[PDB]
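Everything below concerns the one structure shown next.
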Amino acid sequence: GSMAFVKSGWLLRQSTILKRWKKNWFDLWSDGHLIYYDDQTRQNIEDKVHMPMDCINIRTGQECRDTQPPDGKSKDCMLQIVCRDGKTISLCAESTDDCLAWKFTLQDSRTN
């Protein structure tokens with residue numbers, strides 16, 4: 001199996017009960033899975049999404065629906081993974097460039 005990731009890093013994610021923006025650590029696997037954890041120790045797995053099978057769209061910026069950025073931050077930092085079962089994963093990068101780097105990586109993961 002794989003011993004190394006396509007991309008890893010922090011993103012803020014809007015939570016599924018409280019809808020709070022909270023830090024999570026993300027690993028994108030070469031099998032297509034995006035895994036997110038509470039922190040960068042990889043101890044507390046939260047959830048996953050299989051980009052090829054589950055994702056039907058990736059939105060960024062003003063495209064993102066039903067989600068507003070953390071206070072003070074441009075919505076151009078945001079990206080939203082849209083899944084076929086209606087799950088949306090609303091994300092906020094540190095910068096607009098971090099957002100684009102993830103967008104392009106996640107788009108490619110769908111077709112990889």
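Labeling convention for the structure tokens: chains A, B, ... as they appear, residues from 1 per chain, ligands from 1 in order of appearance.
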
- Item | Spatial neighbours of region 14-21 of chain A, max dist 12 Å, only C-alpha atoms, sep filter under 6 positions, as a PyMOL selection string | chain A and resi 36+38+46-47+66-71+73+78-81+87-93

Residues from last step as file, N, CA and C atoms, as a PDB file, in the first residue's frame:
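Produced file part_4.pdb, reproduced below:
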ATOM      1  N   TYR A  36      -9.597  13.509   7.290  1.00  0.00           N
ATOM      2  CA  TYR A  36      -9.399  14.635   8.207  1.00  0.00           C
ATOM      3  C   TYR A  36      -9.484  14.192   9.636  1.00  0.00           C
ATOM      4  N   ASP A  38      -8.746  15.629  13.947  1.00  0.00           N
ATOM      5  CA  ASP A  38      -8.814  16.771  14.846  1.00  0.00           C
ATOM      6  C   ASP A  38      -7.499  17.567  14.802  1.00  0.00           C
ATOM      7  N   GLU A  46     -11.713  11.945  12.171  1.00  0.00           N
ATOM      8  CA  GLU A  46     -13.054  12.524  12.091  1.00  0.00           C
ATOM      9  C   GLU A  46     -13.843  11.873  10.983  1.00  0.00           C
ATOM     10  N   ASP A  47     -13.371  11.990   9.753  1.00  0.00           N
ATOM     11  CA  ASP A  47     -14.140  11.443   8.647  1.00  0.00           C
ATOM     12  C   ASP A  47     -13.253  11.445   7.436  1.00  0.00           C
ATOM     13  N   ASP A  66     -24.343  28.248   1.319  1.00  0.00           N
ATOM     14  CA  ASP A  66     -24.830  28.054   2.693  1.00  0.00           C
ATOM     15  C   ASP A  66     -23.678  28.007   3.679  1.00  0.00           C
ATOM     16  N   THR A  67     -22.692  28.891   3.483  1.00  0.00           N
ATOM     17  CA  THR A  67     -21.506  28.939   4.323  1.00  0.00           C
ATOM     18  C   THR A  67     -20.839  30.283   4.200  1.00  0.00           C
ATOM     19  N   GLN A  68     -20.452  30.872   5.316  1.00  0.00           N
ATOM     20  CA  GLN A  68     -19.760  32.163   5.353  1.00  0.00           C
ATOM     21  C   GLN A  68     -18.473  31.974   6.045  1.00  0.00           C
ATOM     22  N   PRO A  69     -17.462  32.754   5.662  1.00  0.00           N
ATOM     23  CA  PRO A  69     -16.137  32.567   6.199  1.00  0.00           C
ATOM     24  C   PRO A  69     -16.032  32.965   7.654  1.00  0.00           C
ATOM     25  N   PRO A  70     -14.950  32.566   8.332  1.00  0.00           N
ATOM     26  CA  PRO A  70     -14.654  33.137   9.643  1.00  0.00           C
ATOM     27  C   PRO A  70     -14.551  34.649   9.567  1.00  0.00           C
ATOM     28  N   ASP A  71     -14.811  35.316  10.675  1.00  0.00           N
ATOM     29  CA  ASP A  71     -14.763  36.753  10.711  1.00  0.00           C
ATOM     30  C   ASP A  71     -13.441  37.300  10.194  1.00  0.00           C
ATOM     31  N   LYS A  73     -12.212  37.115   7.201  1.00  0.00           N
ATOM     32  CA  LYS A  73     -11.528  36.423   6.134  1.00  0.00           C
ATOM     33  C   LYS A  73     -12.356  36.454   4.852  1.00  0.00           C
ATOM     34  N   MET A  78     -12.267  30.093   0.711  1.00  0.00           N
ATOM     35  CA  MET A  78     -13.113  28.929   0.948  1.00  0.00           C
ATOM     36  C   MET A  78     -13.204  28.009  -0.232  1.00  0.00           C
ATOM     37  N   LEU A  79     -13.393  26.732   0.064  1.00  0.00           N
ATOM     38  CA  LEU A  79     -13.705  25.748  -0.951  1.00  0.00           C
ATOM     39  C   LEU A  79     -14.705  24.780  -0.293  1.00  0.00           C
ATOM     40  N   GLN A  80     -15.574  24.175  -1.096  1.00  0.00           N
ATOM     41  CA  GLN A  80     -16.639  23.345  -0.627  1.00  0.00           C
ATOM     42  C   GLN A  80     -16.696  22.087  -1.485  1.00  0.00           C
ATOM     43  N   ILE A  81     -16.515  20.942  -0.859  1.00  0.00           N
ATOM     44  CA  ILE A  81     -16.594  19.649  -1.534  1.00  0.00           C
ATOM     45  C   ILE A  81     -18.060  19.210  -1.481  1.00  0.00           C
ATOM     46  N   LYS A  87     -23.859  15.462   1.359  1.00  0.00           N
ATOM     47  CA  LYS A  87     -22.898  16.005   2.286  1.00  0.00           C
ATOM     48  C   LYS A  87     -22.091  17.088   1.567  1.00  0.00           C
ATOM     49  N   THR A  88     -21.992  18.244   2.201  1.00  0.00           N
ATOM     50  CA  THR A  88     -21.041  19.274   1.811  1.00  0.00           C
ATOM     51  C   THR A  88     -20.007  19.394   2.897  1.00  0.00           C
ATOM     52  N   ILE A  89     -18.767  19.551   2.479  1.00  0.00           N
ATOM     53  CA  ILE A  89     -17.635  19.776   3.386  1.00  0.00           C
ATOM     54  C   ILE A  89     -17.138  21.172   3.097  1.00  0.00           C
ATOM     55  N   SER A  90     -17.464  22.108   3.945  1.00  0.00           N
ATOM     56  CA  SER A  90     -17.130  23.520   3.760  1.00  0.00           C
ATOM     57  C   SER A  90     -15.807  23.792   4.479  1.00  0.00           C
ATOM     58  N   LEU A  91     -14.858  24.327   3.718  1.00  0.00           N
ATOM     59  CA  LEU A  91     -13.467  24.433   4.126  1.00  0.00           C
ATOM     60  C   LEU A  91     -12.990  25.872   3.959  1.00  0.00           C
ATOM     61  N   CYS A  92     -12.026  26.268   4.781  1.00  0.00           N
ATOM     62  CA  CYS A  92     -11.442  27.599   4.664  1.00  0.00           C
ATOM     63  C   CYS A  92      -9.933  27.464   4.833  1.00  0.00           C
ATOM     64  N   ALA A  93      -9.220  27.840   3.787  1.00  0.00           N
ATOM     65  CA  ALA A  93      -7.777  27.845   3.783  1.00  0.00           C
ATOM     66  C   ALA A  93      -7.235  29.081   4.491  1.00  0.00           C
TER      67      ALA A  93
END

- Query: Which neighbours of residue 50 (chain A) fall inside 8 Å, counting only C-alpha atoms, when residues of the same chain fewer than 4 positions from it are skipped, and could you give them as a list in words?
  - Reply: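 Once the nearby chain positions are removed, what remains is residues 32, 33, 34, 54 and 55 of chain A.
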
Those of chain A in DSSP strand (DSSP E), formatted as a compact mmCIF listing (two decimals) with N, CA and C atoms, in the first residue's frame:
# COMPACT_ATOMS: atom_id res chain seq x y z
N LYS A 7 -0.87 15.17 -0.61
CA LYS A 7 -0.83 16.49 0.00
C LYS A 7 -1.35 16.36 1.40
N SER A 8 -0.78 17.11 2.34
CA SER A 8 -1.29 17.20 3.68
C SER A 8 -1.26 18.62 4.15
N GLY A 9 -2.15 19.01 5.05
CA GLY A 9 -2.07 20.33 5.64
C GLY A 9 -3.29 20.65 6.45
N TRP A 10 -3.26 21.81 7.10
CA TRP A 10 -4.40 22.31 7.83
C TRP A 10 -5.44 22.89 6.91
N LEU A 11 -6.71 22.73 7.27
CA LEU A 11 -7.80 23.58 6.76
C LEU A 11 -8.75 23.77 7.93
N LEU A 12 -9.44 24.91 7.94
CA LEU A 12 -10.63 25.04 8.79
C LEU A 12 -11.77 24.30 8.10
N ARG A 13 -12.61 23.65 8.89
CA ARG A 13 -13.78 22.96 8.39
C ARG A 13 -14.98 23.39 9.20
N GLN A 14 -16.12 23.63 8.56
CA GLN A 14 -17.34 23.89 9.32
C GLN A 14 -17.88 22.60 9.81
N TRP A 21 -16.41 26.91 12.64
CA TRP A 21 -15.15 26.75 11.93
C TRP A 21 -14.11 26.23 12.88
N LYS A 22 -13.56 25.06 12.59
CA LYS A 22 -12.57 24.46 13.47
C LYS A 22 -11.42 23.89 12.66
N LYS A 23 -10.24 23.94 13.25
CA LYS A 23 -9.03 23.44 12.61
C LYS A 23 -9.12 21.92 12.48
N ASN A 24 -8.75 21.39 11.32
CA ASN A 24 -8.55 19.97 11.13
C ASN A 24 -7.30 19.76 10.26
N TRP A 25 -6.69 18.60 10.46
CA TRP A 25 -5.54 18.16 9.67
C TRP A 25 -6.01 17.22 8.57
N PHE A 26 -5.60 17.48 7.34
CA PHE A 26 -6.02 16.73 6.18
C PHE A 26 -4.85 16.01 5.55
N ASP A 27 -5.07 14.73 5.22
CA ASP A 27 -4.17 13.95 4.35
C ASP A 27 -4.95 13.51 3.13
N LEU A 28 -4.42 13.82 1.95
CA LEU A 28 -4.98 13.29 0.68
C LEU A 28 -4.14 12.10 0.26
N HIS A 33 -8.81 8.96 -1.25
CA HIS A 33 -9.40 9.36 0.02
C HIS A 33 -8.73 10.62 0.57
N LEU A 34 -9.60 11.54 0.98
CA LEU A 34 -9.22 12.69 1.81
C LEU A 34 -9.66 12.38 3.23
N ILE A 35 -8.69 12.29 4.13
CA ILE A 35 -8.92 12.00 5.53
C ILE A 35 -8.74 13.27 6.33
N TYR A 36 -9.60 13.51 7.29
CA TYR A 36 -9.40 14.63 8.21
C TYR A 36 -9.48 14.19 9.64
N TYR A 37 -8.60 14.78 10.42
CA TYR A 37 -8.39 14.50 11.84
C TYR A 37 -8.53 15.78 12.63
N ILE A 45 -9.40 10.44 14.19
CA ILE A 45 -9.97 10.49 12.92
C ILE A 45 -11.39 11.04 13.06
N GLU A 46 -11.71 11.95 12.17
CA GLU A 46 -13.05 12.52 12.09
C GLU A 46 -13.84 11.87 10.98
N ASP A 47 -13.37 11.99 9.75
CA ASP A 47 -14.14 11.44 8.65
C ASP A 47 -13.25 11.45 7.44
N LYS A 48 -13.87 10.99 6.39
CA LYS A 48 -13.19 10.88 5.12
C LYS A 48 -14.17 11.14 4.00
N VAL A 49 -13.62 11.43 2.85
CA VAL A 49 -14.37 11.49 1.61
C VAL A 49 -13.54 10.87 0.52
N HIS A 50 -14.14 10.04 -0.32
CA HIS A 50 -13.43 9.47 -1.46
C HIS A 50 -13.66 10.42 -2.63
N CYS A 55 -17.35 12.64 -4.61
CA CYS A 55 -17.42 14.06 -4.95
C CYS A 55 -18.03 14.24 -6.32
N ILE A 56 -19.03 15.14 -6.39
CA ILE A 56 -19.65 15.50 -7.65
C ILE A 56 -19.36 16.95 -8.07
N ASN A 57 -18.80 17.78 -7.18
CA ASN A 57 -18.40 19.11 -7.54
C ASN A 57 -17.44 19.64 -6.47
N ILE A 58 -16.60 20.59 -6.86
CA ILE A 58 -15.80 21.35 -5.92
C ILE A 58 -16.05 22.83 -6.23
N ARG A 59 -16.55 23.56 -5.25
CA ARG A 59 -16.85 24.97 -5.35
C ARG A 59 -15.74 25.75 -4.64
N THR A 60 -15.45 26.97 -5.09
CA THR A 60 -14.58 27.84 -4.31
C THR A 60 -15.14 29.25 -4.30
N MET A 78 -12.27 30.09 0.71
CA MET A 78 -13.11 28.93 0.95
C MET A 78 -13.20 28.01 -0.23
N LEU A 79 -13.39 26.73 0.06
CA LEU A 79 -13.71 25.75 -0.95
C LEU A 79 -14.71 24.78 -0.29
N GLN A 80 -15.57 24.18 -1.10
CA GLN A 80 -16.64 23.35 -0.63
C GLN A 80 -16.70 22.09 -1.49
N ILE A 81 -16.51 20.94 -0.86
CA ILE A 81 -16.59 19.65 -1.53
C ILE A 81 -18.06 19.21 -1.48
N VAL A 82 -18.63 18.95 -2.64
CA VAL A 82 -20.04 18.55 -2.77
C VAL A 82 -20.08 17.07 -3.07
N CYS A 83 -20.78 16.31 -2.20
CA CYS A 83 -20.86 14.87 -2.35
C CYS A 83 -22.21 14.43 -2.89
N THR A 88 -21.99 18.24 2.20
CA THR A 88 -21.04 19.27 1.81
C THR A 88 -20.01 19.39 2.90
N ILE A 89 -18.77 19.55 2.48
CA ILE A 89 -17.64 19.78 3.39
C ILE A 89 -17.14 21.17 3.10
N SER A 90 -17.46 22.11 3.94
CA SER A 90 -17.13 23.52 3.76
C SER A 90 -15.81 23.79 4.48
N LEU A 91 -14.86 24.33 3.72
CA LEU A 91 -13.47 24.43 4.13
C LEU A 91 -12.99 25.87 3.96
N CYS A 92 -12.03 26.27 4.78
CA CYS A 92 -11.44 27.60 4.66
C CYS A 92 -9.93 27.46 4.83

Apply DSSP to the backbone of this structure and, from chain A, keep only the residues in alpha helix (DSSP H); write these as a short mmCIF file (atom, residue, chain, number, x, y, z; two decimals) with N, CA and C atoms, in the first residue's frame.
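Once everything was written out, this is out-v5.cif:
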data_model
loop_
_atom_site.label_atom_id
_atom_site.label_comp_id
_atom_site.auth_asym_id
_atom_site.auth_seq_id
_atom_site.Cartn_x
_atom_site.Cartn_y
_atom_site.Cartn_z
N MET A 51 -12.63 11.11 -3.07
CA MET A 51 -12.83 12.14 -4.06
C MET A 51 -13.37 11.57 -5.38
N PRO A 52 -12.81 10.47 -5.91
CA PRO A 52 -13.38 9.93 -7.16
C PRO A 52 -14.84 9.50 -7.03
N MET A 53 -15.19 8.77 -6.01
CA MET A 53 -16.50 8.19 -6.02
C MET A 53 -17.57 9.14 -5.45
N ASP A 54 -17.21 9.83 -4.35
CA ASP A 54 -18.20 10.58 -3.61
C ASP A 54 -18.40 12.00 -4.12
N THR A 96 -5.70 32.75 0.00
CA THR A 96 -6.28 32.47 -1.30
C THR A 96 -5.41 31.49 -2.12
N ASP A 97 -4.08 31.59 -1.98
CA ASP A 97 -3.22 30.66 -2.65
C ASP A 97 -3.28 29.24 -2.09
N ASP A 98 -3.42 29.11 -0.78
CA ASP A 98 -3.62 27.80 -0.14
C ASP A 98 -4.94 27.19 -0.67
N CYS A 99 -5.98 28.02 -0.76
CA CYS A 99 -7.26 27.57 -1.30
C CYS A 99 -7.09 27.03 -2.72
N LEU A 100 -6.42 27.79 -3.58
CA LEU A 100 -6.26 27.34 -4.97
C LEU A 100 -5.43 26.08 -5.06
N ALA A 101 -4.37 25.98 -4.24
CA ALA A 101 -3.54 24.78 -4.27
C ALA A 101 -4.38 23.54 -3.93
N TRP A 102 -5.18 23.63 -2.87
CA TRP A 102 -6.08 22.54 -2.56
C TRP A 102 -7.13 22.31 -3.66
N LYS A 103 -7.70 23.37 -4.21
CA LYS A 103 -8.72 23.17 -5.24
C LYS A 103 -8.14 22.34 -6.38
N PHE A 104 -6.98 22.75 -6.90
CA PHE A 104 -6.42 22.08 -8.06
C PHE A 104 -6.03 20.62 -7.73
N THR A 105 -5.49 20.39 -6.53
CA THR A 105 -5.10 19.06 -6.08
C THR A 105 -6.32 18.17 -5.93
N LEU A 106 -7.38 18.69 -5.33
CA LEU A 106 -8.61 17.91 -5.13
C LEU A 106 -9.33 17.64 -6.44
N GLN A 107 -9.36 18.62 -7.34
CA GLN A 107 -9.95 18.38 -8.66
C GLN A 107 -9.20 17.24 -9.36
N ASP A 108 -7.86 17.31 -9.39
CA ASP A 108 -7.12 16.26 -10.08
C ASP A 108 -7.37 14.89 -9.49
N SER A 109 -7.52 14.84 -7.88
CA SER A 109 -7.73 13.60 -7.21
C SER A 109 -8.98 12.87 -7.70
N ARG A 110 -9.98 13.60 -8.20
CA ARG A 110 -11.19 12.97 -8.69
C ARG A 110 -10.94 12.05 -9.89
#
